[PDB]
Amino acid sequence: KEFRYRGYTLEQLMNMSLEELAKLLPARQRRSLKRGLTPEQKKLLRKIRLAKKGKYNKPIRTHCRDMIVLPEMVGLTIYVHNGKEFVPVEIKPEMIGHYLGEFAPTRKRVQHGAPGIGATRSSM
Amino acid sequence: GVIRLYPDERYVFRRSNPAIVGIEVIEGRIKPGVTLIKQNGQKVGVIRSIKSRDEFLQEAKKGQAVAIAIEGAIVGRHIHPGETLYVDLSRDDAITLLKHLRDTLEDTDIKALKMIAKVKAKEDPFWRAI
RNA sequence: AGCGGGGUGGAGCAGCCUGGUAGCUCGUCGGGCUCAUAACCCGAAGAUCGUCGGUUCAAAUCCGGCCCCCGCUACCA
RNA sequence: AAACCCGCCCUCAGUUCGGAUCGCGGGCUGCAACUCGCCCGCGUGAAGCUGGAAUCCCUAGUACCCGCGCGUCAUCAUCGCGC
RNA sequence: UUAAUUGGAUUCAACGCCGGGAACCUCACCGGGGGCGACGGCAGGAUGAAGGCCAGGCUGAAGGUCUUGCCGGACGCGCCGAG
Ligand code: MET
Ligand SMILES: [Mg+2]
Ligand SMILES: [Mg+2]
Ligand SMILES: [Mg+2]
Ligand SMILES: [Mg+2]
Ligand SMILES: [Mg+2]
Ligand SMILES: [Mg+2]
Ligand SMILES: [Mg+2]
């Protein structure tokens, strides 16, 4: 009932080089990692590692909706911009390999009202 | 006025044209020429005459039994024995009673009017707010 | 109280008799036609026959007790 | 180039018809592919059995059927203009 | 329906139309952050205007601002007209 990603425990995933890990993710993530991180993602990763070290005890808010979730990010809470606000996301082990923006919906669910004038041929 | 028919077969002395049946008063005052209605409001007709005995009467107060001869009411389809009958009320009359003629109102009258308003509070919100 | 009739889509009627499909008119929703509205044309939704049981190869039909209203006269406190 | 031609399998069936929808995996462009791109392999297998009242285009290398080029364009054509 | 789902066009003569196949840009919309006043004059200004920066906070990120002090020398939106 424990967590395993390709037959590897969480600890084994922690002690892996970036290149080693990329061989287990899908093709899209492997290509994205192979091309390197953008500067904004570099700053976000620096803040994340600083928080892991025991410093920076503040909320982590970001605009980087295209950041890929990494094993070392598990256990934290991140606030991802959705267009008008930062929503909290609690990272679970099963989120490895997904984009952050997948957990911050940008549109509100639709509840239709009564059709108005012009909705049918006879209503015009 | 609110009354209840006897569950007794004896009090029924004529079925139709006219309907002659005894009654005991629960609350209020019975007068000739007053329309009676049920909970659903069917027009059972207008009381044609009242008689406690062979003698002719004029009105009945609390705790008095009287045989009513009414028009437009038939046992069974229109009225059933042991069923409770209500006097139809005018909202203007109710306002007058509650505001103008508030001196001549007693326990039985106010109880009858209150429960009549509660019963009639089905279609017009005026009786719902009383 | 006794005699007599009938229960079928939202609405109003046939269809029983002679069992074996639930049809008519109106209303509701959608589409055509016209520059556009009414009129007109087409399609769809809506009752599995008031309840229980019996009968019958098979019952909206044949049958009953049962739910209801309708009709009549009887009935003078 | 395809429609076209030759040989073998299927024989009137929701099928060896139809390929929508979804799972796993592999790629390309790009500073960036989740919202919101395109391509490939295996798997899955929806409605649909010819269409009421109505209504459109076309007179000769024309209409029908079949593919291709250019524009847009880093990537993307069930489109427009041409062949 | 929504924070916004930018706008024009409604019979022929609006609806694969605006060459409109929008991931950024396009962009005109929504949330948030910065910057801009030739030329006249008013306060001010070498005893230094206007302006710029190492590190560190605020921040989505930022000498944008603040902390901490180092720069540069003649104009001056703190104010009124005007652009
Ligand atoms: C009739 O005879 C007379 N008893 C009517 C009143 S009944 C209580
Ligand atoms: Mg019309
Ligand atoms: Mg096939
Ligand atoms: Mg995607
Ligand atoms: Mg077929
Ligand atoms: Mg186009
Ligand atoms: Mg596009
Ligand atoms: Mg854009």
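Atom set for the values below is all heavy atoms of this structure, side chains included, hydrogens, waters and symmetry mates excluded. Each chain gets a letter, A, B and so on, in the order its sequence line appears, and its residues count up from 1.
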Query raised in the report: Can you check E:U5 for me, syn or anti if syn means within 90° of 0?
Result: syn

Requested in this report: Go through B:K120 and B:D88 one step at a time and tell me if the salt bridge (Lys or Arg N to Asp or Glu O under 4.0 Å) criterion holds.
Outcome: CA-CA 9 Å; B:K120 284 286 307 153; B:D88 200 2; 5.4 Å; no

Report summary line: D:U29: by the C1'-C2'-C3'-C4' sign convention (positive north, negative south), the sugar is north

**Report entry** Near-parallel close bases C:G5 and C:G6 (centres under 5.5 Å, planes under 30°)
**Finding:** yes

Query raised in the report: Which part of the nucleic acid does A:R65 contact within heavy-atom distance under 4.0 Å: base, sugar-phosphate only, or nothing?
Result: base

Query raised in the report: Looking at the angle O4'-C1'-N9-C4 for a purine or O4'-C1'-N1-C2 for a pyrimidine, is C:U21 syn or anti, with syn meaning within 90° of 0?
Result: syn

Query raised in the report: Taking atom types as modelled and ignoring hydrogens, do the side chains of B:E71 and B:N17 form a donor-acceptor contact shorter than 3.5 angstrom?
Result: no

Requested in this report: Kindly indicate, with the supporting measurements, whether the criterion side chain to side chain contact (heavy atoms under 4.5 Å, CB included) is fulfilled by B:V2 and B:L85.
Outcome: CA-CA 6 Å; B:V2 167; B:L85 281 195; over 6 Å; no

Query raised in the report: Is the base of E:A14 syn or anti, if syn means a glycosidic angle within 90° of 0?
Result: anti

Query raised in the report: Just by the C1'-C2'-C3'-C4' torsion, is E:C77 north or south?
Result: south

Query raised in the report: Any luck finding a side-chain donor-acceptor pair between A:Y56 and A:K47 under 3.5 Å?
Result: yes

Query raised in the report: Side chains of A:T9 and A:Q12: donor-acceptor distance under 3.5 Å anywhere?
Result: yes

Report task. Rounded off to whole Å, could you give me the NZ-to-P distance for the A:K47 and E:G57 pair? Result -> 11 Å

Query raised in the report: How many Å lie between CD1 on A:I48 and P on E:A61, as a whole number?
Result: 12 Å

Requested in this report: Answer yes if C:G9 and C:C26 form a Watson-Crick or G-U wobble pair with both distances under 3.5 Å, and no otherwise.
Outcome: no

Query raised in the report: Under the 3.5 angstrom rule, does the side chain of A:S123 hit a backbone N or O of A:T120 as a donor-acceptor pair?
Result: yes

Query raised in the report: A:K58 side chain N/O closer than 4.0 Å to the phosphate oxygens (OP1, OP2) of E:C58?
Result: yes

Query - A:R65 side-chain N/O to A:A104 backbone N/O, donor-acceptor pair under 3.5 Å - result: yes

Query raised in the report: Over how many whole Å does the gap from A:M124 atom CE to C:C35 atom P extend?
Result: 15 Å

Query raised in the report: C:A77 P sits how many Å from B:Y6 OH, rounded?
Result: 17 Å

Query raised in the report: Picking from C:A1, C:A77, E:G60, which would you name as closest to the side chain of B:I20?
Result: C:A77

Query - Spacing of B:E9 atom CD relative to C:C75 atom P, expressed in whole Å - result: 16 Å

Query raised in the report: What pucker does D:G25 show by its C1'-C2'-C3'-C4' sign, north or south?
Result: north

Requested in this report: Using both distances under 3.5 Å as the test, list the Watson-Crick or G-U wobble partner of D:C38, or none.
Outcome: D:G27

Query raised in the report: Syn or anti for E:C12, with syn set at within 90° of 0?
Result: syn

Report summary line: Rounded to whole Å, the CD1-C1' distance (B:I50 to C:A77) equals 11 Å

Report task. Take A:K42 and A:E40 through the salt bridge (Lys or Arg N to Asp or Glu O under 4.0 Å) test and state the conclusion after the steps. Result -> CA-CA 5 Å; A:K42 305 291 288 300; A:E40 298 293 336; over 6 Å; no

Report task. Classify the nucleic acid contact of A:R46 as base, sugar-phosphate or nothing, counting any heavy atom under 4.0 Å across all strands shown. Result -> nothing

Query raised in the report: If we check the six-membered rings of E:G63 and its strand neighbour E:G64, are the centres under 5.5 Å apart with planes under 30°?
Result: no

**Report entry** Under-4.0 Å side-chain N/O to phosphate OP1/OP2 contact, A:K108 with E:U5
**Finding:** no

Report summary line: When rounded to whole Å, the CZ to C1' distance for the pair A:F86 and E:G60 reads 5 Å

Requested in this report: I would like to know whether B:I74 and B:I79 meet side chain to side chain contact (heavy atoms under 4.5 Å, CB included); could you show each step before the answer?
Outcome: CA-CA 6 Å; B:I74 300 96; B:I79 185 59; 6.0 Å; no

Report summary line: Heavy atoms of B:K62 and B:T108 approach each other most closely as CD-OG1, 4.2 Å

**Report entry** Sugar geometry class by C1'-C2'-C3'-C4' for E:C27
**Finding:** south

Query raised in the report: Step by step, would you call A:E72 with A:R49 a salt bridge (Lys or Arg N to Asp or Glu O under 4.0 Å)?
Result: CA-CA 8 Å; A:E72 78 185 39; A:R49 290 181 178 175; 3.0 Å; yes

Query raised in the report: In whole angstroms, how far is the P atom of E:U5 from the CZ atom of A:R107?
Result: 14 Å

Query raised in the report: Using purine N1 to pyrimidine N3 plus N6-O4 or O6-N4 for Watson-Crick, or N1-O2 and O6-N3 for G-U wobble, each under 3.5 Å, what pairs with D:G43?
Result: D:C22

Query raised in the report: Is C:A59 on the north side or the south side, where north means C1'-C2'-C3'-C4' is positive?
Result: south

Requested in this report: Evaluate the stacking of C:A22 against C:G23, requiring that the six-membered ring centres lie under 5.5 Å apart and that the ring planes differ by under 30 degrees.
Outcome: no

Query raised in the report: Which base, if any, makes a Watson-Crick or G-U wobble pair with D:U75, both distances under 3.5 Å?
Result: none

Query raised in the report: Expressed as a whole number of Å, how far does the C1' atom of E:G33 sit from that of E:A74?
Result: 33 Å

Query - Start and end of chain A contact along RNA chain D [non-hydrogen atoms, under 4.0 Å] - result: D:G25 to D:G37

**Report entry** Backbone N/O of B:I130 and side chain of B:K114: donor-acceptor pair under 3.5 Å
**Finding:** no

**Report entry** Test: E:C70 stacks on E:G69 (six-ring centres under 5.5 Å, planes under 30°)
**Finding:** yes

Query raised in the report: Paired with D:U55: which nucleotide, if any, by Watson-Crick or G-U wobble criteria at under 3.5 Å for both distances?
Result: none

**Report entry** Rounded distance in Å between the P positions of C:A14 and C:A58
**Finding:** 30 Å

Query raised in the report: Do the six-ring planes of D:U72 and D:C73 sit under 30° apart with centres under 5.5 Å?
Result: no

Requested in this report: Classify the glycosidic conformation of C:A47 as syn or anti, calling it syn when the angle lies within 90° of 0.
Outcome: anti

Query raised in the report: Paired with C:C40 by Watson-Crick or G-U wobble geometry, both distances under 3.5 Å: which nucleotide is it?
Result: C:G32

Requested in this report: Measure from the side-chain heavy atoms of B:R14 and tell me the nearest of E:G31, C:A77, C:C76.
Outcome: C:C76

Query - Interatomic distance at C1', E:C80 relative to E:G37, whole Å - result: 13 Å

Query raised in the report: Which sits closer to the 5' end of RNA chain C, B:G76 or B:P18, going by the nucleotide each is nearest to?
Result: B:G76

Can you pull every protein N or O that's under 3.5 Å from an N or O on nucleotides 29-33 of chain C?
{"unit_1": "C:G31", "atom_1": "OP1", "unit_2": "A:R121", "atom_2": "N", "d": "3.1"}
{"unit_1": "C:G32", "atom_1": "OP1", "unit_2": "A:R121", "atom_2": "NH2", "d": "3.1"}

Requested in this report: Between B:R77 and B:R53, just flag the one whose closest nucleotide in RNA chain C comes earlier from the 5' side.
Outcome: B:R77

Requested in this report: Apply salt bridge (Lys or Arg N to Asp or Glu O under 4.0 Å) to A:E94 and A:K92, showing your working.
Outcome: CA-CA 5 Å; A:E94 289 179 330; A:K92 316 296 295 183; over 6 Å; no

